[PDB]
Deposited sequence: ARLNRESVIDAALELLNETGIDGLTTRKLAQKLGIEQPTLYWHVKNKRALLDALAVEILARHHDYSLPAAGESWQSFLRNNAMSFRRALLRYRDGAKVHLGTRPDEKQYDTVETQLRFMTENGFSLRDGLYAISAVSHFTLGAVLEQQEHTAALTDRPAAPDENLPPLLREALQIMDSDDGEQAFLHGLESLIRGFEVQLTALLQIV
């Protein structure tokens, strides 16, 4: 096996799709790579080091809308950025549980710094721009996690029976997209209100 960082990240992503996150271990990864575990240890010290790097790589590889287009509104940037974030988290089995708990890596510093500056340039204070960006992140992580965990870990009253048919009718994309519009409209109301009672 070639054991530079990119081929270790590639076999580990491959293995996450096959086993999920609880079945991903350095002993299984060494066997996939066809090397002994001391050989693997030289490259990958532990499972946290590995999950930290996968969380960065899945967004580097798949999260394409990380910055505003030139002249794009803050509303449009949040919509687009959230949908790209959903799409990157859903690309791999347990992608959202791999993200959970990470913080921006050094490789992401400039990207996330730009996102926050862009909201302050749009009128938000830093804290309000942060609370908007975080509410979009938490709603998206929540929606993808319920979806992915629902299919991993596997007498009704009339409206629940029907709620359950609706829920299960697609990937959760329509419920997501409609909730996203409500979130962005609530922030716009708050932005424009300024100091008036809203």
Discussion item. No C-alpha coordinates means not modelled. Give me those stretches of the deposited sequence in order.
Written reply: 155-163
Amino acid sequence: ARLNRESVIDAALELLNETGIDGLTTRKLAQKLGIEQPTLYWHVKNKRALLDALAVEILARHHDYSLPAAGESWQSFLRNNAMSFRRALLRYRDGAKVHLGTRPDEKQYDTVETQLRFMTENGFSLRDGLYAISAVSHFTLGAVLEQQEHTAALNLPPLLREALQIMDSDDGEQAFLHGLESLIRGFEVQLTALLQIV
From here on, numbers count along this sequence of modelled residues.
Item to complete: Could you check the entry and say whether 27-35 or 138-146 has the higher mean CA B-factor?
Response: 27-35
Worksheet, complete the sentence: Stretch with higher mean Cα temperature factor, 166-174 vs 57-65, is 166-174
Worksheet, complete the sentence: The residue of 72, 106, 128, 94 with the maximal C-alpha B-factor according to the PDB record is 106
Response to the item:
residue 180: CA temperature factor from the record, placed by chain third, in the lowest
Worksheet item: residue 189's Cα B-factor: lowest, middle or highest third of the chain?
Response: middle
Worksheet item: If you rank every modelled residue in this chain by C-alpha B factor, which third holds residue 160: lowest, middle or highest?
Response: middle
Fill in: Chain thirds of CA B-factor: placement of residue 9
middle
Worksheet item: With respect to C-alpha B-factor, does residue 49 fall in the lowest, middle or highest third of the chain as deposited?
Response: middle
